[PDB]
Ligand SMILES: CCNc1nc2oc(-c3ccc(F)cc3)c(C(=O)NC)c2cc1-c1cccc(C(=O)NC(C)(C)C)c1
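Only one chain is included here, represented as structure tokens and corresponding to the form deposited without this ligand.
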């Protein structure tokens, strides 16, 4: 079947769109080459639509059947409950797309207006009707990148397909508890979203170390969501239903599967019929969990098909890393081709052919890699790194155009130990917060696909809890990290690191002059900028924060919230 069919109606914007980075003295002090920064818009929706539309064929085999049998057995030891309406409402992000039925996120979160009665009505209809397709809206995402001259120029917008807010709340009542329990039960240590960046690094280090002669690869599926078949989605349902669930949840889960998850009609923002979907919806609660489980089953089965020796996997939605025992140069290349051919039969063909790697630091997981630097007293510290170009480009856009749900804060938290976060993002944003006099205001951001709310003054505690006190004393960064950052700064027309150091000394002094939590930010976040360094003590707040749970699957379009 085809992943999508189309009527010819346009994918239309629901609001004015801007493609070019606006000029502005605040953003200009971060980077000058604003014509290199662009935002995707509906203008390129048609191009994306073409890419994500294709035929799927799927031929399964004994390896697949055996893996699925195991997964269902493991799933049978899981017990999950319904969420109450109030609980599901509290998980709705502040700016979640408003309903067509006369209420928005504000009303959901406060249990006011039409919200409660409408959501109750939707739930009852799910229990009574397991058949009628539920309508969805398709939209072009507005996301910011830096041009890549020698690589095609500009990426087309991603497409997001989602049902009404009322349905999204019902999804949580039916399935949120399952998202919290099922992935770990069926995939164990392989489930990537259970890990903080530090824990992901630790897992990868351990996986690598336990092989006599390690070989790893990442596998890039072309347009994962579109490769997911109706049968795949019904198989996800059979896994959900293997858990112990109350009848009412079983009923709602089956209805959501047949009315929403497996496919349905898509409309544009104008209300015109735009097409029909027969693949994964990109904006539902189960997008991430579903992709993770389905990638895992296909990938484990393909390892068996290929004869991969002692696979250890890290799976994050459609992002796949496989570490195993090397069988030699030529055998590894051969086995990787067999792996790809099996994945292809299972409907998950490759975007770029996988490559065997024999150095752990070359393996990418979710655009990130392991890097190493020195902490206090020369000890080696491993941490997660990435290319800073996209983060820096988005930081610039978000300085001039305020995003209700930003990305710079998510990047500071996830990549806190990196040289670019420490010297550039922290310096720039603490300066901006002081200019705005908004240091002590909670901000919403996205991380691991979902929404969080944090007060920038709590960053030292958050960073310590997630990355350790060493995040504040890292030095002797790797050559790759140093070239990576210098290159990105030059490319974007940003000041070089030596200029950022000068800037940070002043930002630090200004924070310290304010006393209180602002002074803590100055002392801890900017210890790197002074020659007479302070000895930093463990922050009490770092333990007092409830954060252990922070990292979970999340949702499609990230429609899950935690403050």
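Residue numbers count along the first chain shown, from 1.
FYI, the form solved in complex with this ligand isn't displayed, but the following is about it.
If I take 3+ ligand atoms inside 2.4 Å of backbone or C-beta atoms as the clash criterion, is the pocket here open or blocked once this ligand is superimposed from its pose in the bound PDB entry?
After superposition, this ligand runs into the main chain and C-betas, so blocked.
Based on heavy atom distances of 4.5 Å or less, which listed stretch (334-342, 187-195, 106-114, 429-437) is in contact with this ligand in the bound PDB entry?
Heavy-atom contact with the partner occurs in 187-195.
Decide if the three candidate residues 233, 249 and 294 all line this ligand in the bound PDB entry, where lining means a heavy atom within 4.5 Å.
Not a single residue of the candidate spot has a heavy atom within 4.5 Å of this ligand in the bound PDB entry.
Does any heavy atom of residue 360 come within 4.5 Å of a heavy atom of this ligand in the bound PDB entry?
Yes, residue 360 sits close enough to this ligand in the bound PDB entry that at least one of its heavy atoms falls within 4.5 Å.
Check whether residue 137 has any heavy atom within 4.5 Å of a heavy atom of this ligand in the bound PDB entry, and answer yes or no.
No, residue 137 sits far enough from this ligand in the bound PDB entry that none of its heavy atoms falls within 4.5 Å.
Residue 447 near this ligand in the bound PDB entry, any heavy atom under 4.5 Å?
Result yes; residue 447 sits at the interface with this ligand in the bound PDB entry.
Although this ligand is absent from this view, report whether residue 200 comes within 4.5 Å of it in the bound PDB entry, heavy atoms only.
Contact check for residue 200: yes, within 4.5 Å of this ligand in the bound PDB entry.
Listed residue that, although this ligand is not shown, lies within 4.5 Å of it in the bound PDB entry (heavy atoms), from 413, 146, 309, 85:
Selected option: 413.
Please identify the residue among 274, 71, 314, 243 with any heavy atom within 4.5 Å of this ligand in the bound PDB entry.
Only one option qualifies, and that one is 314.
Does any residue in 110-130 get within 4.5 Å of this ligand in the bound PDB entry, counting heavy atoms only, and if so which ones?
Contacts from 110-130: none.
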